[PDB]
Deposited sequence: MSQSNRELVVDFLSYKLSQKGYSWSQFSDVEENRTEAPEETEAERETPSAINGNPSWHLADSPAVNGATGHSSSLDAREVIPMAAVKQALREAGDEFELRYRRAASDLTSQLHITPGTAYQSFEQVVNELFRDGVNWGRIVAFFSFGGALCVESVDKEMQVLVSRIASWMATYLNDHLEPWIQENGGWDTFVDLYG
């Protein structure tokens, strides 16, 4: 039962807000929070690939339902989960947030927050657990 997971997400979001300098106000595990902080950060300082026919294929309005988010993300794991796709999933969630704020849609970002949780838990936590849980996440990226 993971509120454990809710939590990753918020941090990670807050953490990717603050860095691109907006506010985060609409808000062994500390190792993980960070391992993924620099996981995500690195993924983008390298990739840049965002998100984008995802953020574009998503053109998020407050009209947007979880469903349609969900599909767009499914696009990341249309060859199954792995860590790096996991990582991109957040990085992507990060990216939405900011657009929302740039859109002057700032109310959305706690929604994005939840969607990521649901998705996380519903779709991703399975394979996470099956490959030794956020721990392996740490010796990897750790």
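Student: What gaps appear when the modelled C-alpha atoms are mapped onto the deposited sequence?
Tutor: Gaps in the modelled chain, taken against the deposited sequence, amount to a single one at 28-81.
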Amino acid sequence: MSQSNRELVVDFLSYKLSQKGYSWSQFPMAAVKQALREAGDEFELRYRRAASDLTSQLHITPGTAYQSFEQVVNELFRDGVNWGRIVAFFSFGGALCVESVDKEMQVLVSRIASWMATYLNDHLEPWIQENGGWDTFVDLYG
From here on, numbers count along this sequence of modelled residues.
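Student: Regarding 110-118 and 59-67, which shows the higher C-alpha temperature factor on average in the entry?
Tutor: Taking the mean B-factor of the alpha carbons in each, 59-67 is higher.
Student: Comparing 41-49 with 69-77, which has the greater mean CA B-factor as deposited?
Tutor: The stretch with the larger average C-alpha B-factor is 41-49.
Student: Could you check 100, 26, 82, 91 and tell me which one carries the biggest Cα B-factor in the deposited entry?
Tutor: Result of the comparison over 100, 26, 82, 91: 26.
Student: Kindly indicate the residue among 86, 54, 36, 96 with the greatest C-alpha B-factor in the PDB record.
Tutor: Within the set 86, 54, 36, 96, 54 shows the top C-alpha B-factor.
Student: Sort the modelled residues of this chain by their C-alpha B factor and say whether residue 8 lands in the lowest, middle or highest third.
Tutor: According to the entry, residue 8 has a C-alpha B-factor in the chain's middle third.
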